[PDB]
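K.L.:
So that we are looking at the same thing, I have put the structure below in structure tokens.
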Amino acid sequence: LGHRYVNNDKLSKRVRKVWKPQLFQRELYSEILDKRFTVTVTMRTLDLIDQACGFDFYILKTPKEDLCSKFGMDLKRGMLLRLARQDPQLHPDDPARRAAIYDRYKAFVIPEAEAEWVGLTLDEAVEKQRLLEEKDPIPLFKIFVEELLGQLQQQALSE
Amino acid sequence: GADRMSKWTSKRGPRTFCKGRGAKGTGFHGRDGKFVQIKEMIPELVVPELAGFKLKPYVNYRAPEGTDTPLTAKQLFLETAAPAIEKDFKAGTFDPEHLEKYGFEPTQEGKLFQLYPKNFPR
Amino acid sequence: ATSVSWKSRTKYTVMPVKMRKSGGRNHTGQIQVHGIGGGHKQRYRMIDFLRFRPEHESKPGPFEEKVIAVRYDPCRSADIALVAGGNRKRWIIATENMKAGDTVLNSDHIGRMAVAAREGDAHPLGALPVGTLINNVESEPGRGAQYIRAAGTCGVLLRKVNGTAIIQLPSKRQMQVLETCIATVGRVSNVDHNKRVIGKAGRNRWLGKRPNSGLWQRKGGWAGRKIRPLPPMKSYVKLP
Amino acid sequence: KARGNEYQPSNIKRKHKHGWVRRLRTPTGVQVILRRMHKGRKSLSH
Amino acid sequence: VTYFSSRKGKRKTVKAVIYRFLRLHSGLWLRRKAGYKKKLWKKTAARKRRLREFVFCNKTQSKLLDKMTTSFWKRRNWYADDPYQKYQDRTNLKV
RNA sequence: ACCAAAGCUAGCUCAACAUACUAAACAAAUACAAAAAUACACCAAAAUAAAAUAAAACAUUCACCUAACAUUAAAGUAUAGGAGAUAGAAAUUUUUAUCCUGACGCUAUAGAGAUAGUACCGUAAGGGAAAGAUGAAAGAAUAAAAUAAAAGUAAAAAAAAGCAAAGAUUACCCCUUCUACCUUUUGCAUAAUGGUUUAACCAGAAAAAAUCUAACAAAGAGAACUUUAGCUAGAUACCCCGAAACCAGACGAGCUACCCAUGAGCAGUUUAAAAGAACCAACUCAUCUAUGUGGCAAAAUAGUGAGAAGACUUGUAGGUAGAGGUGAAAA
RNA sequence: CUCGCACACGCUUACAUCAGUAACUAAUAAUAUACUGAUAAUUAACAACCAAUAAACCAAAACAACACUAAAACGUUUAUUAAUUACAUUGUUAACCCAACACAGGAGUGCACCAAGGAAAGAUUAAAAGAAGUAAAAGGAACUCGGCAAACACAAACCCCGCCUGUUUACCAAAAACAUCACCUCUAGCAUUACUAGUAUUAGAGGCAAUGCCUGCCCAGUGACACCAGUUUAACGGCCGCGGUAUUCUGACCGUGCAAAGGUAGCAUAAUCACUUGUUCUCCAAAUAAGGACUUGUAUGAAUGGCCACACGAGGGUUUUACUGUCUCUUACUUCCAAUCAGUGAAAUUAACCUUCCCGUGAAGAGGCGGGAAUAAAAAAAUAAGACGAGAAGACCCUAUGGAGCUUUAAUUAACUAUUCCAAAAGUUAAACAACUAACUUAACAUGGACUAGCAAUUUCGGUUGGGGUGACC
Ligand SMILES: [Mg+2]
Ligand SMILES: [Mg+2]
Ligand SMILES: [Mg+2]
Ligand SMILES: [Mg+2]
Ligand SMILES: [Mg+2]
Ligand SMILES: [Mg+2]
Ligand SMILES: [Mg+2]
Ligand SMILES: [Mg+2]
Ligand SMILES: [Mg+2]
Ligand SMILES: [Mg+2]
Ligand SMILES: [Mg+2]
Ligand SMILES: [Mg+2]
Ligand SMILES: [Mg+2]
Ligand SMILES: [Mg+2]
Ligand SMILES: [Mg+2]
Ligand SMILES: [Mg+2]
Ligand SMILES: [Mg+2]
Ligand SMILES: [Mg+2]
Ligand SMILES: [Mg+2]
Ligand SMILES: [Mg+2]
Ligand SMILES: [Mg+2]
Ligand SMILES: [Mg+2]
Ligand SMILES: [Mg+2]
Ligand SMILES: [Mg+2]
Ligand SMILES: [Mg+2]
Ligand SMILES: [Mg+2]
Ligand SMILES: [Mg+2]
Ligand SMILES: [Mg+2]
Ligand SMILES: [Mg+2]
Ligand SMILES: [Mg+2]
Ligand SMILES: [Mg+2]
Ligand SMILES: [Mg+2]
Ligand SMILES: [Mg+2]
Ligand SMILES: [Mg+2]
Ligand SMILES: [Mg+2]
Ligand SMILES: [Mg+2]
Ligand SMILES: [Mg+2]
Ligand SMILES: [Mg+2]
Ligand SMILES: [Mg+2]
Ligand SMILES: [Mg+2]
Ligand SMILES: [Mg+2]
Ligand SMILES: [Mg+2]
Ligand SMILES: [Mg+2]
Ligand SMILES: [Mg+2]
Ligand SMILES: [Mg+2]
Ligand SMILES: [Mg+2]
Ligand SMILES: [Mg+2]
Ligand SMILES: [Mg+2]
Ligand SMILES: [Mg+2]
Ligand SMILES: [Mg+2]
Ligand SMILES: [Mg+2]
Ligand SMILES: [Mg+2]
Ligand SMILES: [Mg+2]
Ligand SMILES: [Mg+2]
Ligand SMILES: [Mg+2]
Ligand SMILES: [Mg+2]
Ligand SMILES: [Mg+2]
Ligand SMILES: [Mg+2]
Ligand SMILES: [Mg+2]
Ligand SMILES: [Mg+2]
Ligand SMILES: [Mg+2]
Ligand SMILES: [Mg+2]
Ligand SMILES: [Mg+2]
Ligand SMILES: [Mg+2]
Ligand SMILES: [Mg+2]
Ligand SMILES: [Mg+2]
Ligand SMILES: [Mg+2]
Ligand SMILES: [Mg+2]
Ligand SMILES: [Mg+2]
Ligand SMILES: [Mg+2]
Ligand SMILES: [Mg+2]
Ligand SMILES: [Mg+2]
Ligand SMILES: [Mg+2]
Ligand SMILES: [Mg+2]
Ligand SMILES: [Mg+2]
Ligand SMILES: [Mg+2]
Ligand SMILES: [Mg+2]
Ligand SMILES: [Mg+2]
Ligand SMILES: [Mg+2]
Ligand SMILES: [Mg+2]
Ligand SMILES: [Mg+2]
Ligand SMILES: [Mg+2]
Ligand SMILES: [Mg+2]
Ligand SMILES: [Mg+2]
Ligand SMILES: [Mg+2]
Ligand SMILES: [Mg+2]
Ligand SMILES: [Mg+2]
Ligand SMILES: [Mg+2]
Ligand SMILES: [Mg+2]
Ligand SMILES: [Mg+2]
Ligand SMILES: [Mg+2]
Ligand SMILES: [Mg+2]
Ligand SMILES: [Mg+2]
Ligand SMILES: [Mg+2]
Ligand SMILES: [Mg+2]
Ligand SMILES: [Mg+2]
Ligand SMILES: [Mg+2]
Ligand SMILES: [Mg+2]
Ligand SMILES: [Mg+2]
Ligand SMILES: [Mg+2]
Ligand SMILES: [Mg+2]
Ligand SMILES: [Mg+2]
Ligand SMILES: [Mg+2]
Ligand SMILES: [Mg+2]
């Protein structure tokens, strides 16, 4: 979003102008997730995929800032999880293909605690952490019973 | 300029506006358009027989007050579960798995008056 | 705000269904079309524009229907006919001489010998003689009639070439279609609708037409008598 | 002809145009309520 | 002229002055003649010379240019090789 | 002698600190038409700020203008600009804790709008007030105590003649002499402007060069600079109210324009007729005149008129929104 | 004397009973539906709230027999399931609402025209002027812009313009303006939100104004189609001269110039630049009026329509009758105002006033200056010549490097909407041709850069001038 001078003479009218990317419908194949997604991409995306030599490469090999998509970060979170888990459900019938594929991507393998937090919005993160911390408050009967057993076992051991 | 401040009440609008004053619904609309009451929604007052019992609305003036101790979950634990738990631990019959004999309830959904979602008005 | 169109009713009914006029306003509420509103109140009769419609998918063959009544319709210029066969009735657009207590044939069948054409008969174009008068013309086969439904209008079949029919629309433009498309044989009802004389401004209001504007506009370049060579022929035949 | 009687009261119209629900159904309406809250109005809406 | 700038709150200089004049340190300002590059074929040799001169501004103009210019442009400069260093001081002026 | 007058408090303002930053209060009820316990769904969203203004016009441009990085300098320098108005860096430099928090700030036309976002005014967004004064005690009102001073009146109407006074005079007048005041203008008693009167409020602000006074002086400044008597410090300076507009975003179709739904009216007479026929009520209009003209009325009253089964009148609910809408065009 | 009772909508206790009213509300009292306090009150049978899904039904309301055209609101039954069980909840006052007021205004429906509702006058007096009415001798439009208003009249004719009913500037214009039946041009070959659940006898964009007789000539310019040729005037718009001729004024004829065509039919001193009160006839005792003719109108004229005509018109003009206080020429009497008494009690306005007349003077029209005249002081009632009287920082006029609206052949040009093209994107073909890589393709979206238009956006109207403008100048 910006402005331009008409004719490029600085002395002409100054005019608001917006330059929009040319978008395409293309279906891409992910090896690790074993799937064909129909995605809107640019010619630039295709050139970066070409340059990084694979779709899955391009997704793993690029930082959060450079993809810019929440969907890119979710693709990445997914296949990062599939790599850290070594998920058998990738190719159930052929462990040959499975090891073969998990092989080339071994550079990006990261631990599990890390891999599920990669593509997350602050919202999604806060939610997730709230769910892990979800506990029904412990009945005071329990706590009072444990204090009482402490006291009774120290009354029994003192004599 | 109409009226902004005065509250919005069934007296104020057209015929089509009926807003209760906050009494609770006793039923539903039936087939004939006539209204049907559900005997279960109508609160049944539970009133004890007062005749043979001695207590009065007021208290004698020379009668003493007392030191004020708000009941706490702890005191209630000690007047009830503590003697029983102590009796059965001293006898070694104590079972950390089932506390139900002492009056603890694992879940509320079985019993008639439940405490936490609070099934009863009063 | 947002208004919902009255045009939602899923099941077909011969019974008149109630409709809401909207004078010229789109669903946003602004005026789109000027000069429309507040005529007489009208119910709408659903018209089946697919003339060949086998009642059950069990028996596909060409079938025959009886004309029960021919009624005035408020919604369109042509007069319409109530037509019953098997267990079902439907409204169809009546041909000029169609009268009550009549018989009308609906057929998809072609054949080498063509057909002697009656009025209410519906046939595939391929099955008709080459000089015939037709109305309620399909575009693609199975689509339903669009062209030539107005009162007293008739097109004419011009020729048949390469498993395809070429017909002449009432605007005197030529139209090329597969010969498997259905058409009804004859001129549409109520031929004198042209010569009707609206007597007074009031009648125009009854028809739901609001008066023209009062603003004076100087005529522009667009006006004059333009004599344009008749446009090239429309073809809905999709070449491989 | 004679003017000043422009206001012809209806409760339905009143509450449909200016009411609480109407103010909360759009972002702009919510900003109205917010402004009035800010100024500390006794009556936020009709 | 901006007497109090926005960011700094100081007093700006008008650059259009700095491009066409030269301030000696005495307070004299020096300028080129007007139209000295213009239409030379049409002019006398004498007139051409009168144009090629560097000339001094009268008092009024000098005060004006001073006001349009900040303090920095009035400092004593020592340039290496400077043509005008000869002219910065005033001598034998009895006033 | 009335009307009146006088208080010193309520609170405020500006900073400092500070933890850290949506107060208080929640029993029920609250997003049906908020404050209405209880039935099968939907739910949600983003697009550069613009212009007034400066350039003595206006067309590129026009600091600040709801985006953390301060401070001493570099520096109003490099640069950028209808090379005009104006705009304007950086490299590089400097910055010593914590306590000593208060006031050459206001005192009821001030200070917050605030006793209050209340009354009241708007359909709404929104606008938005005024107001207090006894004493230790009024559980001291045949009540006791200190101003009686604004205009306005009363106590007390006036007595030839004249900008209302002044010279005077034994004496109020009588005599004599003077064409209100501001502003604005070549020039105003002007019959040119403004003001009933009283009280309280109500309008000149900046330190480049200069002058004046003083320090120290070939140097001066508590760092950064300036210097061929200079440098450093102080003191001397540049108003108030007012357009029609322009731009952004909200709020408005309960009036009215046109629609959509849904209701309701039209008696008598004349006619084969409910025919945008006829006569004439209810009803709807608003022709001509007279009243009225701060009115009964911010468009009415009295008479008189035009239509009156229609392109008719009319109730209720809904729609279209300002770069727009609507329009049987009257902008 | 007659706007009554109820409901809806709205209002929100203003209602009811008892008591009080020094003062507060009532534009004044008495007292109280409206001020104050205390205490009470509208009770459901009326009204609100008050099932879904399938399926059969083409057949108007109009006293509905049967029909008309503009084709029309309003439900039965059958099947499948629908908690089954006294009493639920809510509206119930009023003299009321919208108009700043206890406002002669605005307010839907059902029944009534009285059985229900109400009071034009606080008390006097009986001046003017003003308002509203009734009556009027003789005359009967002589009034006047006009028979405006009024009338014991409530009739006839003729023009202009619009065909007609209708619409419009709420609050200075109701019309000759607009619309309109009719007639004409343009633009469209089509599907689930408009047009339209339509399909060229249809639908949009317009012009003009029914009917009748008509609608002449022009495609050079400007548009618009045809992306160029060429076509279009019921598209924007146009439709001429000079000289010589019949004995004489004229000019059938002749010459010649220029044009895209050279104003045809009709009508005509007109609602038609001026000349104009053209000329003549009719009407009147008398007419710049009205009507009829003549008519170059060198500035009429044919769908930005031309000419006749029926009916219609609160349109604009003219005649006749009749009628009359319009008038000659006014008069009498009632009511409201009025004046006096009692109660309550506003507004614009206001430098200060101890506020005369004449002639002179003077910022060029003096209560106030000069020269003269006049002159006890005060109310109340009347008149409007002056106070350049009051009202509103003149709407006329000019100025301002002040605005805004509108129109374009002004200068700069976006977005958007359509067109056309190149690139992007998806593809497809030959293994191309001659002898000893290119070319072509494109469904809907859709990007970047151009093109042509539509719809628009931003901004401006140089100064001097014996006021501006025109002219002239700089
Ligand atoms: Mg209000
Ligand atoms: Mg109600
Ligand atoms: Mg009610
Ligand atoms: Mg019941
Ligand atoms: Mg229709
Ligand atoms: Mg029809
Ligand atoms: Mg039309
Ligand atoms: Mg028109
Ligand atoms: Mg109002
Ligand atoms: Mg400017
Ligand atoms: Mg200025
Ligand atoms: Mg300007
Ligand atoms: Mg800006
Ligand atoms: Mg440049
Ligand atoms: Mg300039
Ligand atoms: Mg205050
Ligand atoms: Mg205040
Ligand atoms: Mg006094
Ligand atoms: Mg004297
Ligand atoms: Mg003058
Ligand atoms: Mg002067
Ligand atoms: Mg003088
Ligand atoms: Mg004068
Ligand atoms: Mg005077
Ligand atoms: Mg004067
Ligand atoms: Mg004056
Ligand atoms: Mg004066
Ligand atoms: Mg002045
Ligand atoms: Mg003046
Ligand atoms: Mg003044
Ligand atoms: Mg004055
Ligand atoms: Mg200085
Ligand atoms: Mg000074
Ligand atoms: Mg501007
Ligand atoms: Mg401007
Ligand atoms: Mg409405
Ligand atoms: Mg009738
Ligand atoms: Mg009629
Ligand atoms: Mg009237
Ligand atoms: Mg009368
Ligand atoms: Mg009448
Ligand atoms: Mg009538
Ligand atoms: Mg009539
Ligand atoms: Mg509405
Ligand atoms: Mg504008
Ligand atoms: Mg508009
Ligand atoms: Mg209208
Ligand atoms: Mg007009
Ligand atoms: Mg106009
Ligand atoms: Mg009220
Ligand atoms: Mg009472
Ligand atoms: Mg009273
Ligand atoms: Mg009642
Ligand atoms: Mg009286
Ligand atoms: Mg009298
Ligand atoms: Mg009289
Ligand atoms: Mg009489
Ligand atoms: Mg007489
Ligand atoms: Mg006369
Ligand atoms: Mg006369
Ligand atoms: Mg009359
Ligand atoms: Mg008469
Ligand atoms: Mg008569
Ligand atoms: Mg007419
Ligand atoms: Mg008017
Ligand atoms: Mg009207
Ligand atoms: Mg009229
Ligand atoms: Mg009028
Ligand atoms: Mg017309
Ligand atoms: Mg014709
Ligand atoms: Mg005609
Ligand atoms: Mg013609
Ligand atoms: Mg042409
Ligand atoms: Mg041509
Ligand atoms: Mg003639
Ligand atoms: Mg003339
Ligand atoms: Mg002409
Ligand atoms: Mg024309
Ligand atoms: Mg003409
Ligand atoms: Mg007729
Ligand atoms: Mg007439
Ligand atoms: Mg009429
Ligand atoms: Mg008329
Ligand atoms: Mg008499
Ligand atoms: Mg009196
Ligand atoms: Mg006197
Ligand atoms: Mg004089
Ligand atoms: Mg004298
Ligand atoms: Mg004198
Ligand atoms: Mg007078
Ligand atoms: Mg006068
Ligand atoms: Mg005056
Ligand atoms: Mg003025
Ligand atoms: Mg004027
Ligand atoms: Mg003017
Ligand atoms: Mg100027
Ligand atoms: Mg200007
Ligand atoms: Mg141009
Ligand atoms: Mg601009
Ligand atoms: Mg000019
Ligand atoms: Mg000038
Ligand atoms: Mg002049
Ligand atoms: Mg002059
Ligand atoms: Mg000129």
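Simple scheme: letters A, B, ... for chains in structure tokens order, numbers from 1 for residues in each chain, numbers from 1 for ligands in the order shown.
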Which residues are near ligand 87 in this structure, taking near to mean any atom at most 9 Å from a ligand atom and counting only C-alpha atoms (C1' of nucleotides) and all ligand atoms? Format them as an MDAnalysis selection string.
P.N.:
chainID G and resid 359:361 365:366
K.L.:
Could you give me, as a PyMOL selection string, the residues within 12 Å of residue G:376, counting only C-alpha atoms (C1' of nucleotides) and dropping anything in the same chain fewer than 2 positions from it?
P.N.:
(chain F and resi 158-160) or (chain G and resi 378)
K.L.:
Compute the set of chain A residues within 12 Å of chain B, using only C-alpha atoms, and express it as a VMD selection string.
P.N.:
chain A and resid 136 to 153 155 to 156
K.L.:
Would you mind listing, as a list in words, all residues of chain G that have at least one atom within 8 Å of chain D, where only C-alpha atoms (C1' of nucleotides) are what counts?
P.N.:
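Residues satisfying the distance criterion: residues 9, 10, 98, 99, 105, 106, 170 and 171 of chain G.
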K.L.:
Please identify all residues of chain C having at least one atom at most 8 Å from any atom of chain F, considering only C-alpha atoms (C1' of nucleotides), and return them as a ChimeraX atom specification.
P.N.:
/C:1,20-23,28-31,37,200-202,205,211-216
K.L.:
Could you report the residues within 10 Å of ligand 99, using only C-alpha atoms (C1' of nucleotides) and all ligand atoms, as a ChimeraX atom specification?
P.N.:
/A:13-14 /F:51,58-60 /G:458-459
K.L.:
How would the residues just chosen look if you wrote them out with C-alpha atoms (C1' of nucleotides) as a PDB file, in the first residue's frame?
P.N.:
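File produced: again05.pdb:
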```pdb
ATOM      1  CA  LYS A  13      -0.370  14.435  -9.207  1.00  0.00           C
ATOM      2  CA  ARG A  14       0.298  12.207  -6.240  1.00  0.00           C
TER       3      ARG A  14
ATOM      4  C1'   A F  51      -8.175  18.047   5.294  1.00  0.00           C
ATOM      5  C1'   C F  58      -2.559  26.929  -6.264  1.00  0.00           C
ATOM      6  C1'   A F  59      -1.616  22.163  -8.709  1.00  0.00           C
ATOM      7  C1'   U F  60       4.840  18.865  -6.216  1.00  0.00           C
TER       8        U F  60
ATOM      9  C1'   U G 458      -8.395  18.362  -7.591  1.00  0.00           C
ATOM     10  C1'   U G 459      -7.994  23.461  -8.506  1.00  0.00           C
TER      11        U G 459
END
```
K.L.:
Let me see if you get this right: every residue at most 10 Å from ligand 12, counting only C-alpha atoms (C1' of nucleotides) and all ligand atoms, written as a list in words.
P.N.:
residues 56, 57 and 58 of chain F; 401, 402 and 403 of chain G
K.L.:
Would you save the residues from that selection as a PDB file, in the first residue's frame, using C-alpha atoms (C1' of nucleotides)?
P.N.:
```
ATOM      1  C1'   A F  56       0.731  35.731   0.942  1.00  0.00           C
ATOM      2  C1'   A F  57      -3.129  32.051  -5.304  1.00  0.00           C
ATOM      3  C1'   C F  58      -2.559  26.929  -6.264  1.00  0.00           C
TER       4        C F  58
ATOM      5  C1'   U G 401      -5.062  36.679  -4.617  1.00  0.00           C
ATOM      6  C1'   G G 402     -12.844  34.806   1.008  1.00  0.00           C
ATOM      7  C1'   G G 403     -16.283  30.543  -0.158  1.00  0.00           C
TER       8        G G 403
END
```
K.L.:
Within 12 Å of ligand 102, counting only C-alpha atoms (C1' of nucleotides) and all ligand atoms: which residues, as a PDB file with N, CA, C and O atoms (P, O5', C5', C4', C3', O3' and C1' of nucleotides), in the first residue's frame?
P.N.:
```
ATOM      1  P     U G 464      -7.848  46.754  -9.981  1.00  0.00           P
ATOM      2  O5'   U G 464      -7.335  47.975 -10.847  1.00  0.00           O
ATOM      3  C5'   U G 464      -6.001  48.430 -10.713  1.00  0.00           C
ATOM      4  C4'   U G 464      -5.626  49.327 -11.858  1.00  0.00           C
ATOM      5  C3'   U G 464      -6.636  50.412 -12.160  1.00  0.00           C
ATOM      6  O3'   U G 464      -6.436  51.520 -11.298  1.00  0.00           O
ATOM      7  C1'   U G 464      -5.952  49.355 -14.173  1.00  0.00           C
ATOM      8  P     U G 465      -7.614  52.564 -11.008  1.00  0.00           P
ATOM      9  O5'   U G 465      -7.825  53.212 -12.431  1.00  0.00           O
ATOM     10  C5'   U G 465      -9.009  53.914 -12.703  1.00  0.00           C
ATOM     11  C4'   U G 465      -9.561  53.533 -14.036  1.00  0.00           C
ATOM     12  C3'   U G 465     -11.004  53.948 -14.213  1.00  0.00           C
ATOM     13  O3'   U G 465     -11.181  54.418 -15.541  1.00  0.00           O
ATOM     14  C1'   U G 465     -10.805  51.619 -14.524  1.00  0.00           C
ATOM     15  P     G G 466     -10.910  55.970 -15.856  1.00  0.00           P
ATOM     16  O5'   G G 466     -11.700  56.725 -14.712  1.00  0.00           O
ATOM     17  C5'   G G 466     -13.118  56.736 -14.731  1.00  0.00           C
ATOM     18  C4'   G G 466     -13.683  56.960 -13.361  1.00  0.00           C
ATOM     19  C3'   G G 466     -15.158  57.305 -13.376  1.00  0.00           C
ATOM     20  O3'   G G 466     -15.821  56.756 -12.243  1.00  0.00           O
ATOM     21  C1'   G G 466     -13.911  59.121 -12.484  1.00  0.00           C
ATOM     22  P     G G 467     -16.993  55.684 -12.476  1.00  0.00           P
ATOM     23  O5'   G G 467     -16.571  54.456 -11.562  1.00  0.00           O
ATOM     24  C5'   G G 467     -16.427  54.600 -10.160  1.00  0.00           C
ATOM     25  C4'   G G 467     -16.913  53.365  -9.461  1.00  0.00           C
ATOM     26  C3'   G G 467     -16.629  52.079 -10.201  1.00  0.00           C
ATOM     27  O3'   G G 467     -15.301  51.637  -9.994  1.00  0.00           O
ATOM     28  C1'   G G 467     -18.891  52.104  -9.529  1.00  0.00           C
ATOM     29  P     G G 468     -14.568  50.749 -11.106  1.00  0.00           P
ATOM     30  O5'   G G 468     -14.967  49.275 -10.684  1.00  0.00           O
ATOM     31  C5'   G G 468     -15.011  48.260 -11.658  1.00  0.00           C
ATOM     32  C4'   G G 468     -16.245  47.412 -11.551  1.00  0.00           C
ATOM     33  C3'   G G 468     -16.556  46.628 -12.804  1.00  0.00           C
ATOM     34  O3'   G G 468     -15.750  45.476 -12.940  1.00  0.00           O
ATOM     35  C1'   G G 468     -18.520  47.660 -12.038  1.00  0.00           C
ATOM     36  P     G G 469     -14.780  45.358 -14.209  1.00  0.00           P
ATOM     37  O5'   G G 469     -15.778  44.928 -15.378  1.00  0.00           O
ATOM     38  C5'   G G 469     -16.702  43.871 -15.158  1.00  0.00           C
ATOM     39  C4'   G G 469     -17.891  43.904 -16.086  1.00  0.00           C
ATOM     40  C3'   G G 469     -17.598  43.991 -17.567  1.00  0.00           C
ATOM     41  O3'   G G 469     -17.179  42.754 -18.110  1.00  0.00           O
ATOM     42  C1'   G G 469     -19.382  45.435 -17.021  1.00  0.00           C
ATOM     43  P     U G 470     -15.916  42.701 -19.095  1.00  0.00           P
ATOM     44  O5'   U G 470     -16.432  43.442 -20.408  1.00  0.00           O
ATOM     45  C5'   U G 470     -17.521  42.916 -21.148  1.00  0.00           C
ATOM     46  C4'   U G 470     -17.931  43.825 -22.277  1.00  0.00           C
ATOM     47  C3'   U G 470     -16.824  44.368 -23.166  1.00  0.00           C
ATOM     48  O3'   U G 470     -16.319  43.426 -24.102  1.00  0.00           O
ATOM     49  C1'   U G 470     -18.331  46.104 -22.639  1.00  0.00           C
ATOM     50  P     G G 471     -14.734  43.296 -24.354  1.00  0.00           P
ATOM     51  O5'   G G 471     -14.320  44.716 -24.944  1.00  0.00           O
ATOM     52  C5'   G G 471     -14.811  45.147 -26.202  1.00  0.00           C
ATOM     53  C4'   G G 471     -14.481  46.593 -26.484  1.00  0.00           C
ATOM     54  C3'   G G 471     -13.017  46.985 -26.415  1.00  0.00           C
ATOM     55  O3'   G G 471     -12.283  46.638 -27.576  1.00  0.00           O
ATOM     56  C1'   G G 471     -14.294  48.570 -25.238  1.00  0.00           C
ATOM     57  P     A G 472     -10.813  46.005 -27.441  1.00  0.00           P
ATOM     58  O5'   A G 472      -9.913  47.200 -26.895  1.00  0.00           O
ATOM     59  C5'   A G 472      -9.739  48.396 -27.640  1.00  0.00           C
ATOM     60  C4'   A G 472      -9.201  49.503 -26.768  1.00  0.00           C
ATOM     61  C3'   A G 472      -7.865  49.221 -26.099  1.00  0.00           C
ATOM     62  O3'   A G 472      -6.762  49.498 -26.936  1.00  0.00           O
ATOM     63  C1'   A G 472      -9.383  49.978 -24.477  1.00  0.00           C
TER      64        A G 472
END
```
K.L.:
Give the residues of chain B that lie within 12 Å of chain F; count only C-alpha atoms (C1' of nucleotides), and format the answer as a PyMOL selection string.
P.N.:
chain B and resi 1-3+5+7-10+12-14+16-28+41+121
K.L.:
As a ChimeraX atom specification, please: every residue in stretch 19-94 of chain E that a backbone DSSP assignment puts in strand (DSSP E).
P.N.:
/E:21-23,29-32,54-56
K.L.:
How would the residues just picked look written out with N, CA, C and O atoms as an mmCIF file, in the first residue's frame?
P.N.:
```cif
data_model
loop_
_atom_site.group_PDB
_atom_site.id
_atom_site.type_symbol
_atom_site.label_atom_id
_atom_site.label_comp_id
_atom_site.auth_asym_id
_atom_site.auth_seq_id
_atom_site.Cartn_x
_atom_site.Cartn_y
_atom_site.Cartn_z
ATOM 1 N N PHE E 21 25.209 33.588 -1.588
ATOM 2 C CA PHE E 21 26.055 34.659 -1.072
ATOM 3 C C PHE E 21 27.253 34.143 -0.315
ATOM 4 O O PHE E 21 27.351 32.963 -0.009
ATOM 5 N N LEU E 22 28.138 35.051 0.051
ATOM 6 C CA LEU E 22 29.311 34.668 0.812
ATOM 7 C C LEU E 22 29.566 35.683 1.893
ATOM 8 O O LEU E 22 29.705 36.863 1.613
ATOM 9 N N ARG E 23 29.639 35.240 3.133
ATOM 10 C CA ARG E 23 29.810 36.200 4.196
ATOM 11 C C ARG E 23 31.260 36.294 4.642
ATOM 12 O O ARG E 23 31.830 35.317 5.128
ATOM 13 N N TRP E 29 28.803 41.150 2.941
ATOM 14 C CA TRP E 29 28.358 40.003 2.160
ATOM 15 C C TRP E 29 28.733 40.208 0.712
ATOM 16 O O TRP E 29 28.798 41.332 0.232
ATOM 17 N N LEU E 30 28.973 39.116 0.010
ATOM 18 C CA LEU E 30 29.445 39.183 -1.358
ATOM 19 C C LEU E 30 28.576 38.338 -2.274
ATOM 20 O O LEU E 30 28.174 37.232 -1.912
ATOM 21 N N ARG E 31 28.291 38.850 -3.459
ATOM 22 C CA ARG E 31 27.359 38.188 -4.351
ATOM 23 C C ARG E 31 27.795 38.305 -5.784
ATOM 24 O O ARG E 31 28.586 39.175 -6.122
ATOM 25 N N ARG E 32 27.300 37.416 -6.628
ATOM 26 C CA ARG E 32 27.464 37.561 -8.064
ATOM 27 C C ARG E 32 26.448 38.543 -8.635
ATOM 28 O O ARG E 32 25.437 38.835 -8.005
ATOM 29 N N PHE E 54 32.344 40.374 -8.738
ATOM 30 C CA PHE E 54 31.802 39.988 -7.444
ATOM 31 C C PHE E 54 31.564 41.271 -6.693
ATOM 32 O O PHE E 54 32.464 42.099 -6.606
ATOM 33 N N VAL E 55 30.372 41.467 -6.153
ATOM 34 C CA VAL E 55 30.072 42.758 -5.561
ATOM 35 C C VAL E 55 29.532 42.676 -4.157
ATOM 36 O O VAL E 55 29.092 41.625 -3.708
ATOM 37 N N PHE E 56 29.551 43.814 -3.481
ATOM 38 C CA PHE E 56 29.146 43.911 -2.093
ATOM 39 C C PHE E 56 27.710 44.369 -1.912
ATOM 40 O O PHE E 56 27.220 45.185 -2.682
#
```
